[PDB]
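Structure file protein-v1.cif (mmCIF, C-alpha atoms; chains and numbers go by the auth columns) follows.
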data_work
#
loop_
_atom_site.group_PDB
_atom_site.id
_atom_site.type_symbol
_atom_site.label_atom_id
_atom_site.label_comp_id
_atom_site.label_asym_id
_atom_site.label_seq_id
_atom_site.Cartn_x
_atom_site.Cartn_y
_atom_site.Cartn_z
_atom_site.B_iso_or_equiv
_atom_site.auth_seq_id
_atom_site.auth_asym_id
ATOM 1 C CA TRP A 1 0.000 0.000 0.000 0.00 1538 A
ATOM 2 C CA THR A 2 1.798 3.096 -1.243 0.00 1539 A
ATOM 3 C CA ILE A 3 0.798 6.625 -0.303 0.00 1540 A
ATOM 4 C CA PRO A 4 -2.152 7.617 -2.532 0.00 1541 A
ATOM 5 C CA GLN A 5 -4.471 4.639 -1.900 0.00 1542 A
ATOM 6 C CA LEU A 6 -4.423 4.102 1.871 0.00 1543 A
ATOM 7 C CA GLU A 7 -6.007 7.422 2.870 0.00 1544 A
ATOM 8 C CA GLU A 8 -9.409 6.202 1.698 0.00 1545 A
ATOM 9 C CA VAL A 9 -8.861 3.029 3.726 0.00 1546 A
ATOM 10 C CA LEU A 10 -8.112 5.160 6.780 0.00 1547 A
ATOM 11 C CA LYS A 11 -11.229 7.211 6.057 0.00 1548 A
ATOM 12 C CA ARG A 12 -13.297 4.020 5.903 0.00 1549 A
ATOM 13 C CA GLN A 13 -11.804 2.779 9.167 0.00 1550 A
ATOM 14 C CA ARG A 14 -12.641 6.070 10.868 0.00 1551 A
ATOM 15 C CA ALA A 15 -16.111 6.148 9.304 0.00 1552 A
ATOM 16 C CA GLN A 16 -17.060 2.765 10.726 0.00 1553 A
ATOM 17 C CA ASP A 17 -17.853 2.997 14.432 0.00 1554 A
ATOM 18 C CA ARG A 18 -15.560 1.513 17.071 0.00 1555 A
ATOM 19 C CA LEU A 19 -15.298 0.807 20.787 0.00 1556 A
ATOM 20 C CA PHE A 20 -12.283 1.720 22.870 0.00 1557 A
ATOM 21 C CA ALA A 21 -10.581 1.596 26.255 0.00 1558 A
ATOM 22 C CA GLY A 22 -8.453 4.313 27.819 0.00 1559 A
ATOM 23 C CA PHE A 23 -5.390 4.379 30.052 0.00 1560 A
ATOM 24 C CA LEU A 24 -3.359 6.950 31.986 0.00 1561 A
ATOM 25 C CA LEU A 25 -0.113 5.073 32.596 0.00 1562 A
ATOM 26 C CA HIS A 26 3.266 6.158 33.934 0.00 1563 A
ATOM 27 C CA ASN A 27 6.666 4.838 34.970 0.00 1564 A
ATOM 28 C CA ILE A 28 6.788 1.829 37.291 0.00 1565 A
ATOM 29 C CA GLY A 29 10.516 1.008 37.230 0.00 1566 A
ATOM 30 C CA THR A 30 10.374 -2.380 35.475 0.00 1567 A
ATOM 31 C CA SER A 31 9.045 -3.176 32.013 0.00 1568 A
ATOM 32 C CA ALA A 32 5.972 -5.377 32.246 0.00 1569 A
ATOM 33 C CA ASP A 33 2.834 -6.431 30.406 0.00 1570 A
ATOM 34 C CA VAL A 34 -0.802 -5.497 30.997 0.00 1571 A
ATOM 35 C CA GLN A 35 -3.726 -7.915 30.794 0.00 1572 A
ATOM 36 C CA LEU A 36 -7.340 -7.000 30.053 0.00 1573 A
ATOM 37 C CA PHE A 37 -10.233 -9.116 31.319 0.00 1574 A
ATOM 38 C CA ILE A 38 -13.882 -8.575 30.422 0.00 1575 A
ATOM 39 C CA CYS A 39 -16.068 -9.405 33.404 0.00 1576 A
ATOM 40 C CA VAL A 40 -19.701 -10.008 32.456 0.00 1577 A
ATOM 41 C CA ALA A 41 -22.885 -10.673 34.395 0.00 1578 A
ATOM 42 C CA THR A 42 -24.630 -14.032 34.663 0.00 1579 A
ATOM 43 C CA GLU A 43 -22.212 -14.571 40.144 0.00 1583 A
ATOM 44 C CA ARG A 44 -19.405 -12.745 38.314 0.00 1584 A
ATOM 45 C CA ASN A 45 -16.358 -14.463 36.822 0.00 1585 A
ATOM 46 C CA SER B 1 -18.611 -18.366 33.097 0.00 338 B
ATOM 47 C CA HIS B 2 -20.659 -18.360 36.330 0.00 339 B
ATOM 48 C CA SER B 3 -20.459 -18.632 40.112 0.00 340 B
ATOM 49 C CA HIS B 4 -23.548 -20.230 41.659 0.00 341 B
ATOM 50 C CA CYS B 5 -24.035 -19.842 45.417 0.00 342 B
ATOM 51 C CA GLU B 6 -26.876 -19.844 47.947 0.00 343 B
ATOM 52 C CA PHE B 7 -27.460 -18.271 51.353 0.00 344 B
ATOM 53 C CA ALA B 8 -27.409 -20.626 54.341 0.00 345 B
ATOM 54 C CA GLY B 9 -28.131 -18.800 57.595 0.00 346 B
ATOM 55 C CA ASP B 10 -27.001 -16.476 60.359 0.00 347 B
ATOM 56 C CA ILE B 11 -25.419 -17.267 63.735 0.00 348 B
ATOM 57 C CA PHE B 12 -25.322 -14.822 66.650 0.00 349 B
ATOM 58 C CA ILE B 13 -22.929 -14.786 69.621 0.00 350 B
ATOM 59 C CA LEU B 14 -22.853 -12.613 72.731 0.00 351 B
ATOM 60 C CA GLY B 15 -19.805 -10.558 73.670 0.00 352 B
ATOM 61 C CA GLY B 16 -19.056 -8.199 76.556 0.00 353 B
ATOM 62 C CA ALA B 17 -16.622 -5.323 76.930 0.00 354 B
ATOM 63 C CA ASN B 18 -15.229 -6.597 80.251 0.00 355 B
ATOM 64 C CA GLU B 19 -15.746 -10.326 79.681 0.00 356 B
ATOM 65 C CA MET B 20 -13.181 -12.848 80.909 0.00 357 B
ATOM 66 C CA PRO B 21 -11.802 -13.899 77.490 0.00 358 B
ATOM 67 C CA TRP B 22 -12.470 -17.536 76.677 0.00 359 B
ATOM 68 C CA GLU B 23 -12.178 -20.150 73.950 0.00 360 B
ATOM 69 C CA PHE B 24 -14.616 -22.819 72.821 0.00 361 B
ATOM 70 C CA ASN B 25 -12.607 -25.887 73.828 0.00 362 B
ATOM 71 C CA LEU B 26 -14.961 -28.042 71.741 0.00 363 B
ATOM 72 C CA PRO B 27 -16.280 -27.546 68.201 0.00 364 B
ATOM 73 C CA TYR B 28 -19.781 -26.264 67.525 0.00 365 B
ATOM 74 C CA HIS B 29 -22.121 -28.006 65.076 0.00 366 B
ATOM 75 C CA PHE B 30 -24.437 -26.008 62.830 0.00 367 B
ATOM 76 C CA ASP B 31 -26.775 -27.417 60.196 0.00 368 B
ATOM 77 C CA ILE B 32 -25.814 -26.540 56.620 0.00 369 B
ATOM 78 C CA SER B 33 -27.764 -29.229 54.777 0.00 370 B
ATOM 79 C CA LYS B 34 -30.486 -26.782 53.692 0.00 371 B
ATOM 80 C CA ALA B 35 -28.767 -25.427 50.575 0.00 372 B
ATOM 81 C CA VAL B 36 -26.104 -27.996 49.642 0.00 373 B
ATOM 82 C CA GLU B 37 -28.773 -29.881 47.694 0.00 374 B
ATOM 83 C CA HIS B 38 -30.291 -26.622 46.431 0.00 375 B
ATOM 84 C CA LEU B 39 -26.913 -25.985 44.818 0.00 376 B
ATOM 85 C CA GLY B 40 -27.572 -29.183 42.829 0.00 377 B
ATOM 86 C CA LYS B 41 -25.205 -31.451 44.759 0.00 378 B
ATOM 87 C CA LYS B 42 -25.476 -34.614 46.820 0.00 379 B
ATOM 88 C CA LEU B 43 -24.655 -34.696 50.525 0.00 380 B
ATOM 89 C CA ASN B 44 -21.279 -36.270 49.680 0.00 381 B
ATOM 90 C CA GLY B 45 -20.630 -33.656 46.997 0.00 382 B
ATOM 91 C CA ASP B 46 -17.961 -30.992 46.689 0.00 383 B
ATOM 92 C CA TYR B 47 -18.359 -27.330 47.636 0.00 384 B
ATOM 93 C CA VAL B 48 -16.779 -24.484 49.601 0.00 385 B
#
Kindly transcribe the structure held in the file into structure tokens.
Amino acid sequence: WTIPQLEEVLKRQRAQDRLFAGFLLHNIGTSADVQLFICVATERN
Amino acid sequence: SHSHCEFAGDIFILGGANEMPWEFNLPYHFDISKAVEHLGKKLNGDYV
């Protein structure tokens, strides 16, 4: 994908709706991973 | 997935501010058998 044919793809991606999650992270001293879990009702697991 | 649990009962014990502190030197029995089967298990089942 060279320059003049991906902008429409980006426009399509923006045009379709999306969900998102936000973070405000900072330094912790040691590089590490982060894991996301999606707890849903039924108790709760 | 799920976590299925049921309420069993309530137990009340007296306690005084100036009481001579004590220990139950023998265990106390309380019936629990009301909901172990309601949780869909046999009396010799597994639970917490």
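Within the file as shown, the PyMOL selection byres ((chain B) within 10 of (chain A)) identifies residues 338, 339, 340, 341 and 342 of chain B.
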Quick one: everything within 12 Å of residue A:1571, counting only C-alpha atoms, minus sequence neighbours fewer than 3 positions away in the same chain. Send it as number ranges by chain.
A: 1560, 1562, 1568, 1574
Can you tell me which residues surround residue B:372 at a distance of at most 9 Å, considering all atoms listed in the file, apart from same-chain residues fewer than 2 positions away, and format the answer as a compact mmCIF listing (two decimals) with C-alpha atoms, in the coordinates of the input?
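Heads up, here's the output in selection-v7.txt:
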# COMPACT_ATOMS: atom_id res chain seq x y z
CA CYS B 342 -24.04 -19.84 45.42
CA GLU B 343 -26.88 -19.84 47.95
CA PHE B 344 -27.46 -18.27 51.35
CA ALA B 345 -27.41 -20.63 54.34
CA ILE B 369 -25.81 -26.54 56.62
CA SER B 370 -27.76 -29.23 54.78
CA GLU B 374 -28.77 -29.88 47.69
CA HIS B 375 -30.29 -26.62 46.43
CA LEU B 376 -26.91 -25.98 44.82
CA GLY B 377 -27.57 -29.18 42.83
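In this model, the gap between atom CA of residue A:1575 and atom CA of residue A:1554 comes to 20.1 Å.
Atom pair atom CA of residue A:1573 / atom CA of residue A:1558: separated by 9.9 Å.
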Please report, as AutoDock Vina command-line options, the centre and edge lengths in Å to one decimal of an axis-aligned box covering all listed atoms of stretch 1552-1564 of chain A with 5 Å per side.
--center_x -5.6 --center_y 3.9 --center_z 22.1 --size_x 34.5 --size_y 16.1 --size_z 35.7
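Across the model, the gap from atom CA of residue B:346 to atom CA of residue B:368 is 9.1 Å.
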